[PDB]
Amino acid sequence: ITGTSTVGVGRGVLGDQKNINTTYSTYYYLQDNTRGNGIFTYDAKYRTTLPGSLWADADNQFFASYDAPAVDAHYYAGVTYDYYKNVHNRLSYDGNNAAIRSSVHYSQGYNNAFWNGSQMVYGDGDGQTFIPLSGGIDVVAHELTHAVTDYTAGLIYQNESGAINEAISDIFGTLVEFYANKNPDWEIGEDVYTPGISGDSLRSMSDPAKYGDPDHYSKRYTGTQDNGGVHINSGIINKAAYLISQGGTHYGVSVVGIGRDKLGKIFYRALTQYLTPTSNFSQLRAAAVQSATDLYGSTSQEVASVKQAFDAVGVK
Ligand SMILES: [Ca+2]
Ligand SMILES: [Ca+2]
Ligand SMILES: [Ca+2]
Ligand SMILES: [Cl-]
Ligand SMILES: [Cl-]
Ligand SMILES: [Cl-]
Ligand SMILES: [Cl-]
Ligand SMILES: [Zn+2]
Ligand SMILES: [Zn+2]
Ligand SMILES: [Zn+2]
Ligand SMILES: [Zn+2]
Ligand SMILES: [Zn+2]
Ligand SMILES: [Zn+2]
Ligand SMILES: [Zn+2]
């Protein structure tokens, strides 16, 4: 809509207060004109029809419980936009400042969130397994990174390529969580998963085996479930990324950590320049080594640490 850019105030899913960019035209709308071609948040009204109605509010204050998932979807889309622009010089998910649209209150008791090719979609969860999924910044950024992948490498969502696709989304979901300084960790989905249970998550990047996921190529899942293990085998790559950043000793291989910024630069270059739709784990290693070589030089510690980390998880 056309109107005056304003700043409202609201509370997110976890009860935290934040300012959000809105647009005034009789009502205040969840329309952020400050980022690219805009960030737009919609009410799906518990239907499965998309996108629903552009979110309208009478007083620019968003403290109702019904408001909370919209506040966080809107705010965390903006944080993700800022991360890709400020850190990687990428303008929105397509690199051409495409508008980011999100719908909240999708369906009823729906324990999922997804990028559907043109917008974000968030369920509210069932209140036991999940609370509204836009409350997790790493979830938001994970799903928006699938859009980045679709517009660059085009990794297909099965077998090793699909596990890479998932791991890329976990890596940048985590780097956005650190960028925002929003209770950062190397776990995925901890802020919205099992509200009754403290200290768990959907999966761990620092210790995938904590939840039974593989942390070495020799332990990879080889069956047909989960599209060939896309959420299971991602642990192999997630552990390598953790080692590249933080260092450690894993299956007897010592890795010198190089930190989070260089992790992000190496993987962003690999994704945007070198990966293809059917890249496998071995090709990811080659792409990451070449990216580190491009950025830091063939004899650098950065290249040596990438090699060490992939050796540690058994990927040659
Ligand atoms: Ca209000
Ligand atoms: Ca996390
Ligand atoms: Ca929990
Ligand atoms: Cl560990
Ligand atoms: Cl371990
Ligand atoms: Cl470690
Ligand atoms: Cl170990
Ligand atoms: Zn997803
Ligand atoms: Zn995913
Ligand atoms: Zn966290
Ligand atoms: Zn798992
Ligand atoms: Zn899965
Ligand atoms: Zn280990
Ligand atoms: Zn370890």
# chains A, B, ... in the order shown; residues from 1 in each chain; ligands from 1
$ closest_atom_pairs --of "chain A" --to "ligand 14" --cutoff "10 Å" --atoms "only C-alpha atoms and all ligand atoms" --output "tab-separated table"
residue	atom	partner	partner_atom_place_in_ligand_line	distance
A:205	CA	ligand 14	1 (Zn)	9.3
A:206	CA	ligand 14	1 (Zn)	6.0
A:207	CA	ligand 14	1 (Zn)	6.0
A:208	CA	ligand 14	1 (Zn)	9.1
A:209	CA	ligand 14	1 (Zn)	9.8
A:215	CA	ligand 14	1 (Zn)	9.1
A:239	CA	ligand 14	1 (Zn)	7.5
A:240	CA	ligand 14	1 (Zn)	9.4
A:242	CA	ligand 14	1 (Zn)	8.2
A:243	CA	ligand 14	1 (Zn)	7.2
A:246	CA	ligand 14	1 (Zn)	9.3
A:247	CA	ligand 14	1 (Zn)	8.1
A:248	CA	ligand 14	1 (Zn)	5.7
A:249	CA	ligand 14	1 (Zn)	6.1
A:250	CA	ligand 14	1 (Zn)	5.4
A:251	CA	ligand 14	1 (Zn)	8.7
A:254	CA	ligand 14	1 (Zn)	9.8
A:255	CA	ligand 14	1 (Zn)	9.9
A:312	CA	ligand 14	1 (Zn)	9.8
$ write_last_selection --atoms "N, CA, C and O atoms" --output "compact mmCIF listing (two decimals), in the first residue's frame"
# COMPACT_ATOMS: atom_id res chain seq x y z
N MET A 205 24.73 -28.63 15.62
CA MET A 205 25.84 -28.55 14.69
C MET A 205 27.16 -28.88 15.38
O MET A 205 28.06 -29.42 14.75
N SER A 206 27.27 -28.55 16.66
CA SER A 206 28.51 -28.79 17.38
C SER A 206 28.66 -30.26 17.75
O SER A 206 29.79 -30.74 17.91
N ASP A 207 27.55 -30.97 17.93
CA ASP A 207 27.58 -32.36 18.35
C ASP A 207 26.36 -33.08 17.78
O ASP A 207 25.41 -33.41 18.50
N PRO A 208 26.36 -33.34 16.46
CA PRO A 208 25.17 -33.95 15.85
C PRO A 208 24.77 -35.25 16.50
O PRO A 208 23.58 -35.58 16.56
N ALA A 209 25.75 -36.00 17.01
CA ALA A 209 25.48 -37.32 17.56
C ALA A 209 24.71 -37.24 18.87
O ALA A 209 24.14 -38.25 19.30
N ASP A 215 28.02 -37.88 12.45
CA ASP A 215 29.05 -36.85 12.50
C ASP A 215 30.29 -37.27 11.73
O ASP A 215 31.37 -36.70 11.93
N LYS A 239 28.84 -30.43 11.22
CA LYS A 239 29.99 -30.59 12.10
C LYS A 239 31.25 -30.02 11.48
O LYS A 239 32.04 -29.36 12.16
N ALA A 240 31.46 -30.24 10.18
CA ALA A 240 32.60 -29.66 9.49
C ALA A 240 32.59 -28.15 9.59
O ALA A 240 33.62 -27.53 9.85
N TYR A 242 31.11 -26.27 11.93
CA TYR A 242 31.42 -25.93 13.31
C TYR A 242 32.93 -26.01 13.55
O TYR A 242 33.51 -25.10 14.16
N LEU A 243 33.57 -27.07 13.06
CA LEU A 243 35.02 -27.22 13.24
C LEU A 243 35.81 -26.13 12.54
O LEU A 243 36.79 -25.61 13.09
N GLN A 246 35.14 -22.95 14.94
CA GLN A 246 35.51 -23.00 16.35
C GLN A 246 36.72 -23.87 16.63
O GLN A 246 37.32 -23.75 17.71
N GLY A 247 37.10 -24.74 15.71
CA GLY A 247 38.18 -25.67 15.93
C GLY A 247 37.76 -26.82 16.81
O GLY A 247 36.66 -26.89 17.35
N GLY A 248 38.68 -27.75 16.97
CA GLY A 248 38.43 -28.91 17.80
C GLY A 248 39.17 -30.11 17.25
O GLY A 248 39.84 -30.05 16.24
N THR A 249 39.04 -31.21 17.98
CA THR A 249 39.60 -32.50 17.59
C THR A 249 38.44 -33.47 17.44
O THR A 249 37.62 -33.62 18.35
N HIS A 250 38.35 -34.09 16.28
CA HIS A 250 37.20 -34.91 15.94
C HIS A 250 37.71 -36.16 15.22
O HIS A 250 38.43 -36.05 14.23
N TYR A 251 37.34 -37.34 15.74
CA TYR A 251 37.89 -38.61 15.26
C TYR A 251 39.40 -38.49 15.08
O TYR A 251 39.96 -38.95 14.08
N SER A 254 42.78 -32.88 14.34
CA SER A 254 42.74 -31.56 14.95
C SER A 254 42.52 -30.48 13.89
O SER A 254 43.16 -30.48 12.83
N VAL A 255 41.59 -29.57 14.17
CA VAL A 255 41.23 -28.49 13.26
C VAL A 255 41.48 -27.18 13.98
O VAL A 255 41.02 -26.99 15.11
N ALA A 312 38.34 -34.53 9.02
CA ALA A 312 37.82 -34.97 10.31
C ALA A 312 36.46 -35.65 10.18
O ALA A 312 36.15 -36.56 10.96
$ select_by_dssp --residues "range 102-216 of chain A" --states "alpha helix (DSSP H)" --output "count of residues only"
35
$ residues_around --residues "residue 79 in chain A" --least-positions-apart "5" --cutoff "12 Å" --atoms "only C-alpha atoms" --output "mmCIF file with C-alpha atoms, in the first residue's frame"
data_model
loop_
_atom_site.group_PDB
_atom_site.id
_atom_site.type_symbol
_atom_site.label_atom_id
_atom_site.label_comp_id
_atom_site.auth_asym_id
_atom_site.auth_seq_id
_atom_site.Cartn_x
_atom_site.Cartn_y
_atom_site.Cartn_z
ATOM 1 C CA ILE A 20 9.099 -2.805 13.675
ATOM 2 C CA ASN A 21 8.819 -0.856 10.466
ATOM 3 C CA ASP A 32 8.569 -2.191 5.786
ATOM 4 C CA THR A 34 13.169 0.565 4.264
ATOM 5 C CA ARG A 35 14.528 -2.699 2.797
ATOM 6 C CA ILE A 39 9.018 -6.613 3.558
ATOM 7 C CA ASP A 72 8.707 -11.874 14.684
ATOM 8 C CA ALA A 73 8.141 -12.924 11.050
ATOM 9 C CA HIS A 74 8.359 -9.268 10.024
ATOM 10 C CA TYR A 84 22.857 -10.750 3.479
ATOM 11 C CA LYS A 85 23.186 -7.095 2.411
ATOM 12 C CA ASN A 86 25.728 -5.929 5.004
ATOM 13 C CA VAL A 87 27.886 -9.052 5.229
ATOM 14 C CA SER A 92 17.429 -9.889 -0.843
ATOM 15 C CA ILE A 100 10.051 -10.635 1.106
ATOM 16 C CA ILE A 137 15.518 -16.451 14.132
ATOM 17 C CA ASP A 138 17.532 -19.477 12.974
ATOM 18 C CA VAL A 140 13.490 -17.829 9.645
ATOM 19 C CA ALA A 141 17.002 -17.479 8.244
ATOM 20 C CA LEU A 144 15.040 -17.816 3.608
ATOM 21 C CA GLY A 173 20.605 -19.668 9.950
ATOM 22 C CA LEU A 175 25.326 -17.101 11.368
ATOM 23 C CA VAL A 176 22.261 -14.834 11.256
ATOM 24 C CA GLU A 177 21.478 -15.786 14.879
ATOM 25 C CA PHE A 178 25.024 -14.737 15.849
ATOM 26 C CA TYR A 179 24.796 -11.565 13.705
ATOM 27 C CA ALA A 180 21.597 -10.531 15.528
ATOM 28 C CA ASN A 181 23.137 -11.466 18.893
ATOM 29 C CA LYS A 182 19.893 -13.311 19.656
#
$ closest_residue --among "A:278, A:283, A:6, A:298" --to "residue 154 in chain A" --atoms "only C-alpha atoms"
A:278
$ residues_near_ligand --ligand "ligand 2" --cutoff "9 Å" --atoms "only C-alpha atoms and all ligand atoms" --output "number ranges by chain"
A: 136-139, 170, 173-174, 177-178, 182-191, 201, 204
$ atom_distance --atom1 "CA of residue 101 in chain A" --atom2 "CA of residue 126 in chain A"
23.4 Å
$ residues_around --residues "residue 106 in chain A" --least-positions-apart "6" --cutoff "12 Å" --atoms "only C-alpha atoms" --output "PyMOL selection string"
chain A and resi 42-53+69-70+112-114+120-125+132-134
$ residues_around --residues "residue 307 in chain A" --least-positions-apart "4" --cutoff "12 Å" --atoms "only C-alpha atoms" --output "PyMOL selection string"
chain A and resi 240-241+243-244+253-257+282+284-293+298-303+311-316
$ write_last_selection --atoms "N, CA, C and O atoms" --output "short mmCIF file (atom, residue, chain, number, x, y, z; two decimals), in the first residue's frame"
data_model
loop_
_atom_site.label_atom_id
_atom_site.label_comp_id
_atom_site.auth_asym_id
_atom_site.auth_seq_id
_atom_site.Cartn_x
_atom_site.Cartn_y
_atom_site.Cartn_z
N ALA A 240 31.46 -30.24 10.18
CA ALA A 240 32.60 -29.66 9.49
C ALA A 240 32.59 -28.15 9.59
O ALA A 240 33.62 -27.53 9.85
N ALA A 241 31.42 -27.52 9.40
CA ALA A 241 31.32 -26.07 9.51
C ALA A 241 31.64 -25.58 10.92
O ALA A 241 32.36 -24.59 11.09
N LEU A 243 33.57 -27.07 13.06
CA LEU A 243 35.02 -27.22 13.24
C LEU A 243 35.81 -26.13 12.54
O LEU A 243 36.79 -25.61 13.09
N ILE A 244 35.40 -25.76 11.32
CA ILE A 244 36.07 -24.68 10.60
C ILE A 244 36.04 -23.40 11.43
O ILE A 244 37.04 -22.67 11.52
N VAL A 253 41.37 -36.01 14.42
CA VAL A 253 41.89 -34.99 13.53
C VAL A 253 41.70 -33.63 14.19
O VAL A 253 40.57 -33.27 14.56
N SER A 254 42.78 -32.88 14.34
CA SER A 254 42.74 -31.56 14.95
C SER A 254 42.52 -30.48 13.89
O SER A 254 43.16 -30.48 12.83
N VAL A 255 41.59 -29.57 14.17
CA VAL A 255 41.23 -28.49 13.26
C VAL A 255 41.48 -27.18 13.98
O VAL A 255 41.02 -26.99 15.11
N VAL A 256 42.21 -26.29 13.32
CA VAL A 256 42.45 -24.94 13.81
C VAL A 256 41.27 -24.07 13.36
O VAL A 256 41.06 -23.89 12.16
N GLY A 257 40.53 -23.52 14.32
CA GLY A 257 39.36 -22.70 13.97
C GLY A 257 39.74 -21.32 13.46
O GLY A 257 40.70 -20.70 13.94
N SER A 282 31.84 -34.60 -1.65
CA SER A 282 33.20 -34.45 -2.13
C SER A 282 33.35 -33.18 -2.96
O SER A 282 34.35 -32.47 -2.86
N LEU A 284 31.45 -30.47 -2.60
CA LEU A 284 31.40 -29.38 -1.63
C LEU A 284 32.78 -29.12 -1.03
O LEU A 284 33.19 -27.97 -0.89
N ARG A 285 33.50 -30.18 -0.66
CA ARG A 285 34.85 -29.99 -0.14
C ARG A 285 35.71 -29.24 -1.15
O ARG A 285 36.39 -28.27 -0.81
N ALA A 286 35.69 -29.69 -2.40
CA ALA A 286 36.48 -29.03 -3.45
C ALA A 286 36.07 -27.57 -3.62
O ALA A 286 36.94 -26.69 -3.76
N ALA A 287 34.77 -27.29 -3.58
CA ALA A 287 34.29 -25.93 -3.73
C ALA A 287 34.71 -25.06 -2.55
O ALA A 287 35.07 -23.89 -2.74
N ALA A 288 34.67 -25.61 -1.34
CA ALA A 288 35.08 -24.85 -0.17
C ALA A 288 36.58 -24.59 -0.17
O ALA A 288 37.03 -23.48 0.17
N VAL A 289 37.38 -25.59 -0.56
CA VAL A 289 38.82 -25.40 -0.65
C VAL A 289 39.15 -24.33 -1.70
O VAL A 289 39.99 -23.45 -1.47
N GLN A 290 38.49 -24.39 -2.86
CA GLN A 290 38.75 -23.39 -3.90
C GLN A 290 38.33 -22.00 -3.44
O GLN A 290 39.05 -21.01 -3.66
N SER A 291 37.18 -21.90 -2.76
CA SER A 291 36.72 -20.61 -2.24
C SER A 291 37.70 -20.02 -1.25
O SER A 291 38.00 -18.82 -1.29
N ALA A 292 38.19 -20.84 -0.30
CA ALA A 292 39.18 -20.37 0.64
C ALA A 292 40.47 -19.96 -0.07
O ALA A 292 41.11 -18.99 0.32
N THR A 293 40.85 -20.71 -1.12
CA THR A 293 42.04 -20.36 -1.91
C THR A 293 41.86 -19.00 -2.58
O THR A 293 42.75 -18.14 -2.55
N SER A 298 46.42 -20.07 -1.49
CA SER A 298 46.52 -21.53 -1.43
C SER A 298 47.33 -22.03 -0.24
O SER A 298 47.12 -23.16 0.18
N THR A 299 48.24 -21.22 0.31
CA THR A 299 49.07 -21.65 1.43
C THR A 299 48.56 -21.12 2.76
O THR A 299 49.28 -21.18 3.75
N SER A 300 47.33 -20.64 2.81
CA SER A 300 46.83 -19.99 4.01
C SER A 300 46.38 -21.00 5.06
O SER A 300 46.07 -22.16 4.78
N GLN A 301 46.33 -20.52 6.30
CA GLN A 301 45.72 -21.30 7.36
C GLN A 301 44.26 -21.60 7.04
O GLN A 301 43.75 -22.66 7.43
N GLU A 302 43.58 -20.65 6.39
CA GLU A 302 42.16 -20.82 6.10
C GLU A 302 41.93 -22.05 5.23
O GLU A 302 41.04 -22.86 5.50
N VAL A 303 42.76 -22.22 4.20
CA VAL A 303 42.65 -23.41 3.35
C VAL A 303 42.97 -24.67 4.14
O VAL A 303 42.29 -25.70 4.03
N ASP A 311 38.54 -33.59 6.34
CA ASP A 311 39.20 -34.83 6.76
C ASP A 311 38.59 -35.39 8.04
O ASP A 311 38.37 -36.60 8.17
N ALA A 312 38.34 -34.53 9.02
CA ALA A 312 37.82 -34.97 10.31
C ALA A 312 36.46 -35.65 10.18
O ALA A 312 36.15 -36.56 10.96
N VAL A 313 35.62 -35.21 9.24
CA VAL A 313 34.32 -35.85 9.05
C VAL A 313 34.35 -36.89 7.94
O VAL A 313 33.30 -37.42 7.59
N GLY A 314 35.52 -37.23 7.40
CA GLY A 314 35.64 -38.34 6.47
C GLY A 314 35.27 -38.05 5.03
O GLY A 314 34.97 -38.98 4.27
N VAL A 315 35.28 -36.79 4.63
CA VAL A 315 34.86 -36.39 3.30
C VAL A 315 36.12 -36.04 2.53
O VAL A 315 36.82 -35.07 2.85
N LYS A 316 36.43 -36.85 1.52
CA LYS A 316 37.61 -36.61 0.71
C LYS A 316 37.24 -36.04 -0.64
O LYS A 316 36.12 -36.23 -1.10
#
$ select_by_dssp --residues "range 104-306 of chain A" --states "strand (DSSP E or B)" --output "CSV table (one decimal) with N, CA and C atoms, in the first residue's frame"
chain,number,residue,atom,x,y,z
A,104,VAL,N,1.6,-15.6,8.4
A,104,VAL,CA,1.6,-16.3,9.7
A,104,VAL,C,0.1,-16.8,10.0
A,113,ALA,N,7.2,-24.7,9.0
A,113,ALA,CA,7.4,-23.4,8.4
A,113,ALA,C,8.2,-23.7,7.1
A,114,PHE,N,7.9,-23.0,6.0
A,114,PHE,CA,8.6,-23.3,4.8
A,114,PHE,C,8.6,-22.1,3.9
A,115,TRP,N,9.6,-22.0,3.1
A,115,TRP,CA,9.7,-21.2,1.9
A,115,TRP,C,9.0,-22.0,0.7
A,120,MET,N,7.4,-16.8,2.5
A,120,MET,CA,7.5,-17.6,3.7
A,120,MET,C,6.1,-17.9,4.3
A,121,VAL,N,6.0,-19.1,4.9
A,121,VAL,CA,4.8,-19.6,5.5
A,121,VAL,C,5.1,-20.1,6.8
A,122,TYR,N,4.4,-19.7,7.9
A,122,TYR,CA,4.6,-20.1,9.3
A,122,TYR,C,3.4,-20.7,9.9
A,130,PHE,N,5.9,-27.5,19.1
A,130,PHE,CA,6.4,-26.2,18.7
A,130,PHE,C,5.5,-25.1,19.2
A,187,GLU,N,23.0,-24.7,17.8
A,187,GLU,CA,21.8,-25.6,17.8
A,187,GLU,C,20.8,-25.0,16.8
A,188,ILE,N,19.9,-25.8,16.4
A,188,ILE,CA,18.8,-25.4,15.4
A,188,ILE,C,17.5,-25.5,16.0
A,193,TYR,N,11.2,-25.0,19.8
A,193,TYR,CA,11.0,-26.4,20.0
A,193,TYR,C,10.7,-26.8,21.4
A,203,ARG,N,18.4,-30.2,16.2
A,203,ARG,CA,19.6,-30.9,15.8
A,203,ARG,C,20.7,-29.9,16.3
A,204,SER,N,21.9,-30.5,16.4
A,204,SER,CA,23.1,-29.8,16.9
A,204,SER,C,24.1,-29.8,15.9
A,248,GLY,N,38.7,-27.8,17.0
A,248,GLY,CA,38.4,-28.9,17.8
A,248,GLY,C,39.2,-30.1,17.3
A,249,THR,N,39.0,-31.2,18.0
A,249,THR,CA,39.6,-32.5,17.6
A,249,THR,C,38.4,-33.5,17.4
A,250,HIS,N,38.4,-34.1,16.3
A,250,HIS,CA,37.2,-34.9,15.9
A,250,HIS,C,37.7,-36.2,15.2
A,253,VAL,N,41.4,-36.0,14.4
A,253,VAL,CA,41.9,-35.0,13.5
A,253,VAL,C,41.7,-33.6,14.2
A,254,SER,N,42.8,-32.9,14.3
A,254,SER,CA,42.7,-31.6,15.0
A,254,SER,C,42.5,-30.5,13.9
A,255,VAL,N,41.6,-29.6,14.2
A,255,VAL,CA,41.2,-28.5,13.3
A,255,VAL,C,41.5,-27.2,14.0
$ closest_atom_pairs --of "chain A" --to "ligand 1" --cutoff "8 Å" --atoms "only C-alpha atoms and all ligand atoms" --output "JSON lines"
{"residue": "A:57", "atom": "CA", "partner": "ligand 1", "partner_atom_place_in_ligand_line": "1 (Ca)", "distance": 5.0}
{"residue": "A:58", "atom": "CA", "partner": "ligand 1", "partner_atom_place_in_ligand_line": "1 (Ca)", "distance": 5.4}
{"residue": "A:59", "atom": "CA", "partner": "ligand 1", "partner_atom_place_in_ligand_line": "1 (Ca)", "distance": 4.8}
{"residue": "A:60", "atom": "CA", "partner": "ligand 1", "partner_atom_place_in_ligand_line": "1 (Ca)", "distance": 5.4}
{"residue": "A:61", "atom": "CA", "partner": "ligand 1", "partner_atom_place_in_ligand_line": "1 (Ca)", "distance": 4.2}
{"residue": "A:62", "atom": "CA", "partner": "ligand 1", "partner_atom_place_in_ligand_line": "1 (Ca)", "distance": 4.7}
{"residue": "A:63", "atom": "CA", "partner": "ligand 1", "partner_atom_place_in_ligand_line": "1 (Ca)", "distance": 6.7}
{"residue": "A:64", "atom": "CA", "partner": "ligand 1", "partner_atom_place_in_ligand_line": "1 (Ca)", "distance": 7.1}
$ write_last_selection --atoms "N, CA, C and O atoms" --output "PDB file, in the first residue's frame"
ATOM      1  N   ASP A  57      -3.296  -3.014  11.621  1.00  0.00           N
ATOM      2  CA  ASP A  57      -3.409  -2.790  13.054  1.00  0.00           C
ATOM      3  C   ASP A  57      -3.873  -1.357  13.291  1.00  0.00           C
ATOM      4  O   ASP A  57      -3.423  -0.424  12.616  1.00  0.00           O
ATOM      5  N   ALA A  58      -4.759  -1.180  14.281  1.00  0.00           N
ATOM      6  CA  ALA A  58      -5.377   0.130  14.466  1.00  0.00           C
ATOM      7  C   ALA A  58      -4.457   1.165  15.112  1.00  0.00           C
ATOM      8  O   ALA A  58      -4.618   2.362  14.845  1.00  0.00           O
ATOM      9  N   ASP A  59      -3.506   0.761  15.959  1.00  0.00           N
ATOM     10  CA  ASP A  59      -2.789   1.738  16.773  1.00  0.00           C
ATOM     11  C   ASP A  59      -1.267   1.626  16.721  1.00  0.00           C
ATOM     12  O   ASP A  59      -0.585   2.365  17.443  1.00  0.00           O
ATOM     13  N   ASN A  60      -0.705   0.765  15.872  1.00  0.00           N
ATOM     14  CA  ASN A  60       0.745   0.644  15.715  1.00  0.00           C
ATOM     15  C   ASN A  60       1.409   0.019  16.935  1.00  0.00           C
ATOM     16  O   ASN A  60       2.629   0.110  17.097  1.00  0.00           O
ATOM     17  N   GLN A  61       0.632  -0.634  17.789  1.00  0.00           N
ATOM     18  CA  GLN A  61       1.143  -1.348  18.949  1.00  0.00           C
ATOM     19  C   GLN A  61       0.725  -2.805  18.805  1.00  0.00           C
ATOM     20  O   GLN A  61      -0.461  -3.096  18.605  1.00  0.00           O
ATOM     21  N   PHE A  62       1.683  -3.717  18.923  1.00  0.00           N
ATOM     22  CA  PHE A  62       1.473  -5.117  18.560  1.00  0.00           C
ATOM     23  C   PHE A  62       1.779  -5.994  19.768  1.00  0.00           C
ATOM     24  O   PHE A  62       2.727  -6.782  19.763  1.00  0.00           O
ATOM     25  N   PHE A  63       0.962  -5.869  20.820  1.00  0.00           N
ATOM     26  CA  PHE A  63       1.193  -6.604  22.053  1.00  0.00           C
ATOM     27  C   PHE A  63       0.182  -7.713  22.293  1.00  0.00           C
ATOM     28  O   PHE A  63       0.255  -8.382  23.327  1.00  0.00           O
ATOM     29  N   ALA A  64      -0.756  -7.927  21.387  1.00  0.00           N
ATOM     30  CA  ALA A  64      -1.691  -9.029  21.540  1.00  0.00           C
ATOM     31  C   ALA A  64      -1.012 -10.355  21.235  1.00  0.00           C
ATOM     32  O   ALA A  64      -0.083 -10.438  20.432  1.00  0.00           O
TER      33      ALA A  64
END
